[PDB]
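*Asks:* Got a structure here, written out as structure tokens. Questions coming.
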Amino acid sequence: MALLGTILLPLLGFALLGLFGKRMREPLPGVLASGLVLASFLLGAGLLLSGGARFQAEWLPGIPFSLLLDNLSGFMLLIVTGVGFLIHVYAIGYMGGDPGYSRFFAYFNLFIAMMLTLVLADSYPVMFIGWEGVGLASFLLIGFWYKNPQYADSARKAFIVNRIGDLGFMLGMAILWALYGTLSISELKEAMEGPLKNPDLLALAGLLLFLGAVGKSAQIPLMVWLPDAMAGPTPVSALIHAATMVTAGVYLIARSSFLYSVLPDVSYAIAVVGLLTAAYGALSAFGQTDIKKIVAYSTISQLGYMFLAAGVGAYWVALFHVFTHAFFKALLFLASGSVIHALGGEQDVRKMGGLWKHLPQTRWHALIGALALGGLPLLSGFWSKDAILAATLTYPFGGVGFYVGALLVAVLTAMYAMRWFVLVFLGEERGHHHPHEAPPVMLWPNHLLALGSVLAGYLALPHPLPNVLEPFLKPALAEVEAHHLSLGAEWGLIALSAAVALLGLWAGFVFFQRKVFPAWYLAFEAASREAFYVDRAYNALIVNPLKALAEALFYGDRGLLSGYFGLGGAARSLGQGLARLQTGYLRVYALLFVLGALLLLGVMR
Amino acid sequence: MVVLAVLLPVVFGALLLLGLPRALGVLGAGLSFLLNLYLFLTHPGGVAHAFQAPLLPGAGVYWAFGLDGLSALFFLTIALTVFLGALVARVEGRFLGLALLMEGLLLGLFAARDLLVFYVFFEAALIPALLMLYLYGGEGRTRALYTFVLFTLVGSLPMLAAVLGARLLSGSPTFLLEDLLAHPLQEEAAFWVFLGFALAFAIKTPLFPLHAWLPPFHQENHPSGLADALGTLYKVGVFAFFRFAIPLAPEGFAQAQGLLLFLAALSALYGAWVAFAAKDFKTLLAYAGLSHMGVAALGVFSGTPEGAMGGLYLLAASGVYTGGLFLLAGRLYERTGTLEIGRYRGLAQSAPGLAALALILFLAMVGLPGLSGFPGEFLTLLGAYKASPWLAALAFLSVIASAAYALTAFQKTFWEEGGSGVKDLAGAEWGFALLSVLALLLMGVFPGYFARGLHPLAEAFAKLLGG
């Protein structure tokens, strides 16, 4: 019951800031929200340290309300609460002079409470409640400044894609109800081991669940909806791309590990899609001329990395990548937000350059972030990315091409991170920033974020060094493991990863300081800027034809109603043809009389 | 007892039509709400307040009334919805008495314990609707009226022969549903009676090829949408299916199940899809109501007591929030004067809390979890997938088009660039919004508490389709 108050708090907060909301001074919404986030972090750490929590309440007949707080749930809870409070303070700073402060923080409280309801769940319906609640809050916050049509269609497309994924989720849930009749991950898992039945149906439910996960974490083909989330405020974009709404997909695989571990083709396909998403994000990142989108495509590549990890069965390794990511991508995004808060929201790259010397305490933040994303050999991202690279080979499903693929992806991530950093801070001088670039309580929580990013790190280390997260995560759930490993050659692989990351950093350094940009590279960069002409096709044969069929079926309904009118008109026409039978000459009336009487007398036999 | 709760809206509507003043009808609807909620509590079962009186002893007709669990929450739904529509109305055309009359009639209709009384109210409810439609607005008012009335009547009048057959061919002593259920109809005789039931109930469900009465009906009513709210409450078809049509003639329904599920799925998809092309509020909401009836028909036709209870719960809540959206559109019309979705875009900045109310109502519309629509929607998915996976899957390419049309209309109406600025909120709209969202949250968050009484009926009448 105390576990439920953690979620109840950012409901009272949201109700206050939504109903009355602007009846408070400017700093207050952040104060209340941050207090609720911190008092949920505290009461969740206290419960987890106390061994765990369980709560059951009455709901739909056969479908009760089950909350389960274990190691895997508390891990996500602590992550989300800490990053959310840090982004809450950074938003207290960054939101200034903007109306809707209460709107902002009420949506924040709603987001946090719904994400907690999502992860803290023993029943799939509650997971889906959290899913659609997160989609709602995200669609709301992306369109926070609603006066712009440009930043409305973004959230529109976002929630449509989200609901496509959620429909896939609903169909998988209906499948896992028809078969067993439980739909509670605990008892469904305890009943699903042993006599598996209709393996086609099990793999199908897994396929639809993964389809929902793709929409949630913006994988192929639903990839396109994430970059437009640049429209939302920067702390919103951090919360959506780093701590929440993307971890839901990998967490679904982490909780359904019992299902996906007995599905070799399904897990192989999940790894394939993770690799494809990583490649797409990496290839199309640097061509993007906007800071937010060039970071969003890196988010795409990193989520592809995480799905690759969770695809081969490296669930604890995928959660390692999730931990590292939650640190460094929040660093990146809050850095970009302080940057455009210094330049008055200019929000471009080609209109940037030479911000290195100008900016104290910001070049350090951006450099730390760019190194973690590129995987600086001594940084958390390095451990996570190379643990995934190894788990590719060691864990099942083969990992043959995926290893060299992810290695080249590391090259490209380093390259585009260097492009970002150079074109934003080096190699020209443009624009204006006089008065106030560095804020206290904006760069201060970013300080703690960057520090943790540097030292997230060594919780998961190759087997000579302590792997702290594996024994914490494995016993509660994700129980099954079957993987080879080696030594000496594995550290040679670590050395290959470190060398590749450094060579990619310097390769981006030279290529993006050069300004040579050869003929083929210019076309490549242009195509990458337009996201490889994906949206043109997406609006070509699906969306615009859906509009066309809406219009055509409206025409068809018009014609159906006209046909009913034609029935009425046939009735009246038949009526007047029978009415014209009464001419008025008495001889006609007597003839028809005698005819009818004869007919009647004939029928009587 | 039940009789008083049923009659109170009728007599208060009389005292509004013949007597004065306008305001007393609001408190009459409130008193109905209170009494229907009280009768909803302490409910032991069907016998709750049993009432038996003779109507045609020689023919076998009795005034037969009582509260099921289904009748209880439907009483609550109607009383609440009509009271909201009474306070916020702003119609003031001196016809709210007709709306209270229709409320009492629908209450008696759901309280029908014998078949003929159900049929009687089913036919009688044609009068208010046509009146408040005809003399209170619309250019093609008489023509859309003739369309709707001819549809309903062509469907209904052969159903009278159907009910005469159901009484006579089973040798039932009276029209009581208890007795008629005790004497089932035999093969090659339940066929025709169920077919007569299915035409009359489908044309009023409404289903795809027969939905043509709904947009013209909803457009030409009083633009405040009170008549539209009650007409949306007039889609009671599904109920009669589950309670009357199927149990009384399941033999033909056994064969017609595939076609009925197909109609339900195709209706849902077509409505939620064409709602996108709708350029106006009445057409959009008409197609939405058609979608909801398609999903409810799917849930009922699927068997699967899960799907049956879900379809009924979805039907009740969908009536609620669709009437709410109609009243919201009527209030924005009264303060603006136009229902176009394109024009008057800036509303959200001028309207502080009307946008959030419209958003909550729309979210419940597209079936967002945490509101009343999601329990029934998902239970219907489960039951239909049990019945036919293909039809539930196709039919549920609906949340996509649902989200599309709801968010498109909400954005292009409220969120975009500011216009002149529009009236914010009325004093009655305050209690209206408060109670509406309160009910939505309570019925969506705790579908455990409600819908418990729906489970025994559902499981028994679904196993009836078994061995």
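In the structure tokens, chains take letters A, B, ... by order of appearance, with residues numbered from 1 within each chain and ligands from 1 in the order shown.
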What residues in range 341-393 of chain A get the DSSP label helix (DSSP H, G or I)? Please answer as an MDAnalysis selection string.
*Replies:* chainID A and resid 341:342 363:374 380:393
*Asks:* Residues of chain B were defined as contacting chain A if any atom lay at most 6 Å from it, counting only C-alpha atoms; please report them as a list in words.
*Replies:* residues 212, 274, 277, 369, 382, 400, 415, 416, 417, 447 and 448 of chain B
*Asks:* Would you mind exporting the chosen residues as a tab-separated table (two decimals), in the first residue's frame, restricted to N, CA, C and O atoms?
*Replies:*
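And here's part-v4.tsv as it stands now:
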chain	number	residue	atom	x	y	z
B	212	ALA	N	-27.08	4.38	-42.12
B	212	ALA	CA	-27.29	5.61	-42.89
B	212	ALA	C	-28.19	6.63	-42.19
B	212	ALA	O	-28.22	7.78	-42.64
B	274	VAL	N	-13.85	6.65	-41.45
B	274	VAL	CA	-14.52	7.76	-42.13
B	274	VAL	C	-14.68	8.96	-41.19
B	274	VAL	O	-14.83	10.09	-41.66
B	277	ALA	N	-12.48	11.70	-42.30
B	277	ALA	CA	-12.90	12.55	-43.41
B	277	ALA	C	-14.00	13.52	-43.01
B	277	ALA	O	-14.24	14.48	-43.74
B	369	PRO	N	-6.52	3.66	-21.45
B	369	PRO	CA	-6.63	2.98	-20.15
B	369	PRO	C	-6.60	3.95	-18.98
B	369	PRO	O	-5.85	4.93	-18.97
B	382	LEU	N	-10.64	-9.55	-26.23
B	382	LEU	CA	-10.37	-10.90	-25.73
B	382	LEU	C	-11.46	-11.87	-26.18
B	382	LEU	O	-11.17	-12.96	-26.71
B	400	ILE	N	-5.98	3.04	-34.05
B	400	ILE	CA	-5.19	3.92	-34.91
B	400	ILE	C	-6.06	5.04	-35.48
B	400	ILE	O	-5.82	6.22	-35.23
B	415	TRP	N	-6.11	23.68	-30.19
B	415	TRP	CA	-4.71	23.92	-29.83
B	415	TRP	C	-4.06	25.01	-30.67
B	415	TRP	O	-3.17	25.71	-30.17
B	416	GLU	N	-4.46	25.17	-31.92
B	416	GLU	CA	-3.67	25.97	-32.84
B	416	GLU	C	-3.80	27.47	-32.55
B	416	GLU	O	-4.36	27.90	-31.53
B	417	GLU	N	-3.27	28.26	-33.48
B	417	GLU	CA	-3.03	29.68	-33.29
B	417	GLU	C	-4.28	30.42	-32.83
B	417	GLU	O	-5.39	30.16	-33.31
B	447	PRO	N	-13.69	-0.64	-12.68
B	447	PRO	CA	-14.64	-1.55	-13.32
B	447	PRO	C	-14.77	-2.87	-12.59
B	447	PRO	O	-15.51	-3.75	-13.06
B	448	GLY	N	-14.02	-3.06	-11.51
B	448	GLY	CA	-14.25	-4.15	-10.60
B	448	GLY	C	-15.54	-3.94	-9.84
B	448	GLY	O	-16.41	-4.82	-9.85
*Asks:* Applying 8 Å and only C-alpha atoms, which residues near residue 243 in chain A remain after dropping the ones on its own chain fewer than 6 positions away? List them as a list in words.
*Replies:*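 Once the nearby chain positions are removed, what remains is residues 79, 80, 83, 84 and 326 of chain A.
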*Asks:* Go ahead and save the residues from that selection, with N, CA and C atoms, as a PDB file, in the first residue's frame.
*Replies:*
ATOM      1  N   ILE A  79      16.383   4.535 -11.086  1.00  0.00           N
ATOM      2  CA  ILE A  79      16.880   5.232 -12.277  1.00  0.00           C
ATOM      3  C   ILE A  79      15.948   6.374 -12.654  1.00  0.00           C
ATOM      4  N   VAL A  80      14.666   6.042 -12.849  1.00  0.00           N
ATOM      5  CA  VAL A  80      13.691   7.001 -13.352  1.00  0.00           C
ATOM      6  C   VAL A  80      13.534   8.151 -12.366  1.00  0.00           C
ATOM      7  N   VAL A  83      16.895  10.453 -12.334  1.00  0.00           N
ATOM      8  CA  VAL A  83      17.007  11.259 -13.548  1.00  0.00           C
ATOM      9  C   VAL A  83      15.852  12.252 -13.640  1.00  0.00           C
ATOM     10  N   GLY A  84      14.661  11.851 -13.188  1.00  0.00           N
ATOM     11  CA  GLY A  84      13.518  12.740 -13.265  1.00  0.00           C
ATOM     12  C   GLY A  84      13.639  13.928 -12.339  1.00  0.00           C
ATOM     13  N   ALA A 326      20.997   6.211 -19.873  1.00  0.00           N
ATOM     14  CA  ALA A 326      20.265   7.119 -19.006  1.00  0.00           C
ATOM     15  C   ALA A 326      21.179   8.187 -18.432  1.00  0.00           C
TER      16      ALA A 326
END
*Asks:* Need the shell around residue 387 in chain A: protein/DNA/RNA residues with any atom at most 8 Å away, counting only C-alpha atoms. Skip same-chain ones fewer than 4 positions apart. Format as a ChimeraX atom specification?
*Replies:* /A:317,383,391,462
*Asks:* Include N, CA, C and O atoms and write out the residues we just selected as a compact mmCIF listing (two decimals), in the first residue's frame.
*Replies:*
# COMPACT_ATOMS: atom_id res chain seq x y z
N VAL A 317 23.03 -7.32 -19.89
CA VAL A 317 23.91 -6.43 -20.66
C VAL A 317 23.10 -5.30 -21.29
O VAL A 317 23.57 -4.15 -21.37
N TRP A 383 32.38 0.26 -21.58
CA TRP A 383 32.05 -1.02 -20.96
C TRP A 383 30.75 -1.58 -21.52
O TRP A 383 30.69 -2.75 -21.91
N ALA A 391 28.79 -10.15 -25.91
CA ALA A 391 27.57 -10.95 -25.78
C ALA A 391 26.98 -11.30 -27.13
O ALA A 391 26.21 -12.26 -27.25
N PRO A 462 34.39 -6.71 -16.98
CA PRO A 462 34.76 -8.07 -17.40
C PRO A 462 35.14 -8.91 -16.19
O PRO A 462 35.59 -8.38 -15.16
*Asks:* Compile the contact shell of residue 141 in chain B as an NGL selection string: residues with an atom at most 12 Å away, counting only C-alpha atoms, same-chain residues fewer than 2 positions apart removed.
*Replies:* :B and (129-139 or 143-149 or 216-223)
*Asks:* If you keep N, CA and C atoms, can you produce a file of those selected residues as a PDB file, in the first residue's frame?
*Replies:*
ATOM      1  N   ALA B 129     -37.971  12.061 -29.618  1.00  0.00           N
ATOM      2  CA  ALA B 129     -36.891  12.262 -30.579  1.00  0.00           C
ATOM      3  C   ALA B 129     -37.366  13.020 -31.809  1.00  0.00           C
ATOM      4  N   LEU B 130     -38.444  12.548 -32.430  1.00  0.00           N
ATOM      5  CA  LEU B 130     -38.938  13.220 -33.622  1.00  0.00           C
ATOM      6  C   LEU B 130     -39.416  14.632 -33.311  1.00  0.00           C
ATOM      7  N   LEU B 131     -39.981  14.849 -32.121  1.00  0.00           N
ATOM      8  CA  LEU B 131     -40.474  16.180 -31.761  1.00  0.00           C
ATOM      9  C   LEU B 131     -39.325  17.166 -31.552  1.00  0.00           C
ATOM     10  N   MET B 132     -38.452  16.878 -30.589  1.00  0.00           N
ATOM     11  CA  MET B 132     -37.284  17.721 -30.346  1.00  0.00           C
ATOM     12  C   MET B 132     -36.365  17.848 -31.566  1.00  0.00           C
ATOM     13  N   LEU B 133     -36.441  16.920 -32.533  1.00  0.00           N
ATOM     14  CA  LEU B 133     -35.728  17.069 -33.803  1.00  0.00           C
ATOM     15  C   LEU B 133     -36.424  18.056 -34.730  1.00  0.00           C
ATOM     16  N   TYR B 134     -37.729  17.865 -34.946  1.00  0.00           N
ATOM     17  CA  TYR B 134     -38.513  18.588 -35.941  1.00  0.00           C
ATOM     18  C   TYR B 134     -38.547  20.096 -35.690  1.00  0.00           C
ATOM     19  N   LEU B 135     -39.173  20.523 -34.595  1.00  0.00           N
ATOM     20  CA  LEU B 135     -39.466  21.934 -34.359  1.00  0.00           C
ATOM     21  C   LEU B 135     -38.329  22.698 -33.675  1.00  0.00           C
ATOM     22  N   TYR B 136     -37.139  22.103 -33.529  1.00  0.00           N
ATOM     23  CA  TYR B 136     -36.046  22.766 -32.825  1.00  0.00           C
ATOM     24  C   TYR B 136     -34.753  22.820 -33.643  1.00  0.00           C
ATOM     25  N   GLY B 137     -34.852  22.975 -34.958  1.00  0.00           N
ATOM     26  CA  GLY B 137     -33.645  23.248 -35.710  1.00  0.00           C
ATOM     27  C   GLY B 137     -33.538  22.470 -37.001  1.00  0.00           C
ATOM     28  N   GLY B 138     -32.508  22.760 -37.795  1.00  0.00           N
ATOM     29  CA  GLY B 138     -32.237  21.954 -38.967  1.00  0.00           C
ATOM     30  C   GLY B 138     -32.972  22.394 -40.216  1.00  0.00           C
ATOM     31  N   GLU B 139     -32.307  22.301 -41.369  1.00  0.00           N
ATOM     32  CA  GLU B 139     -32.929  22.646 -42.642  1.00  0.00           C
ATOM     33  C   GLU B 139     -33.620  21.440 -43.280  1.00  0.00           C
ATOM     34  N   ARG B 143     -36.705  15.527 -43.499  1.00  0.00           N
ATOM     35  CA  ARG B 143     -36.225  14.451 -44.362  1.00  0.00           C
ATOM     36  C   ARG B 143     -35.354  13.464 -43.589  1.00  0.00           C
ATOM     37  N   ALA B 144     -34.393  13.971 -42.813  1.00  0.00           N
ATOM     38  CA  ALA B 144     -33.620  13.087 -41.944  1.00  0.00           C
ATOM     39  C   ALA B 144     -34.524  12.415 -40.920  1.00  0.00           C
ATOM     40  N   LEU B 145     -35.560  13.123 -40.467  1.00  0.00           N
ATOM     41  CA  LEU B 145     -36.530  12.500 -39.577  1.00  0.00           C
ATOM     42  C   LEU B 145     -37.213  11.325 -40.266  1.00  0.00           C
ATOM     43  N   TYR B 146     -37.691  11.522 -41.497  1.00  0.00           N
ATOM     44  CA  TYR B 146     -38.344  10.428 -42.209  1.00  0.00           C
ATOM     45  C   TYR B 146     -37.394   9.265 -42.424  1.00  0.00           C
ATOM     46  N   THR B 147     -36.132   9.558 -42.722  1.00  0.00           N
ATOM     47  CA  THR B 147     -35.153   8.493 -42.900  1.00  0.00           C
ATOM     48  C   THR B 147     -35.034   7.651 -41.634  1.00  0.00           C
ATOM     49  N   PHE B 148     -34.747   8.313 -40.508  1.00  0.00           N
ATOM     50  CA  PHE B 148     -34.592   7.616 -39.233  1.00  0.00           C
ATOM     51  C   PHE B 148     -35.861   6.857 -38.842  1.00  0.00           C
ATOM     52  N   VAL B 149     -37.021   7.523 -38.924  1.00  0.00           N
ATOM     53  CA  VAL B 149     -38.292   6.944 -38.485  1.00  0.00           C
ATOM     54  C   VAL B 149     -38.688   5.757 -39.357  1.00  0.00           C
ATOM     55  N   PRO B 216     -27.395  11.971 -40.644  1.00  0.00           N
ATOM     56  CA  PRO B 216     -28.458  12.964 -40.877  1.00  0.00           C
ATOM     57  C   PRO B 216     -29.270  13.234 -39.634  1.00  0.00           C
ATOM     58  N   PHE B 217     -29.507  12.197 -38.828  1.00  0.00           N
ATOM     59  CA  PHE B 217     -30.201  12.386 -37.558  1.00  0.00           C
ATOM     60  C   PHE B 217     -29.440  13.352 -36.655  1.00  0.00           C
ATOM     61  N   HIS B 218     -28.137  13.111 -36.467  1.00  0.00           N
ATOM     62  CA  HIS B 218     -27.349  13.859 -35.489  1.00  0.00           C
ATOM     63  C   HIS B 218     -27.059  15.283 -35.946  1.00  0.00           C
ATOM     64  N   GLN B 219     -27.027  15.520 -37.257  1.00  0.00           N
ATOM     65  CA  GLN B 219     -26.709  16.855 -37.747  1.00  0.00           C
ATOM     66  C   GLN B 219     -27.858  17.824 -37.496  1.00  0.00           C
ATOM     67  N   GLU B 220     -29.068  17.446 -37.909  1.00  0.00           N
ATOM     68  CA  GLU B 220     -30.178  18.387 -37.987  1.00  0.00           C
ATOM     69  C   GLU B 220     -30.903  18.593 -36.660  1.00  0.00           C
ATOM     70  N   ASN B 221     -30.456  17.979 -35.566  1.00  0.00           N
ATOM     71  CA  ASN B 221     -31.122  18.193 -34.284  1.00  0.00           C
ATOM     72  C   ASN B 221     -30.833  19.604 -33.767  1.00  0.00           C
ATOM     73  N   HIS B 222     -31.353  19.905 -32.578  1.00  0.00           N
ATOM     74  CA  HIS B 222     -31.002  21.139 -31.898  1.00  0.00           C
ATOM     75  C   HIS B 222     -29.481  21.229 -31.806  1.00  0.00           C
ATOM     76  N   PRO B 223     -28.856  22.269 -32.367  1.00  0.00           N
ATOM     77  CA  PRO B 223     -27.381  22.296 -32.416  1.00  0.00           C
ATOM     78  C   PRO B 223     -26.706  22.251 -31.050  1.00  0.00           C
TER      79      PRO B 223
END
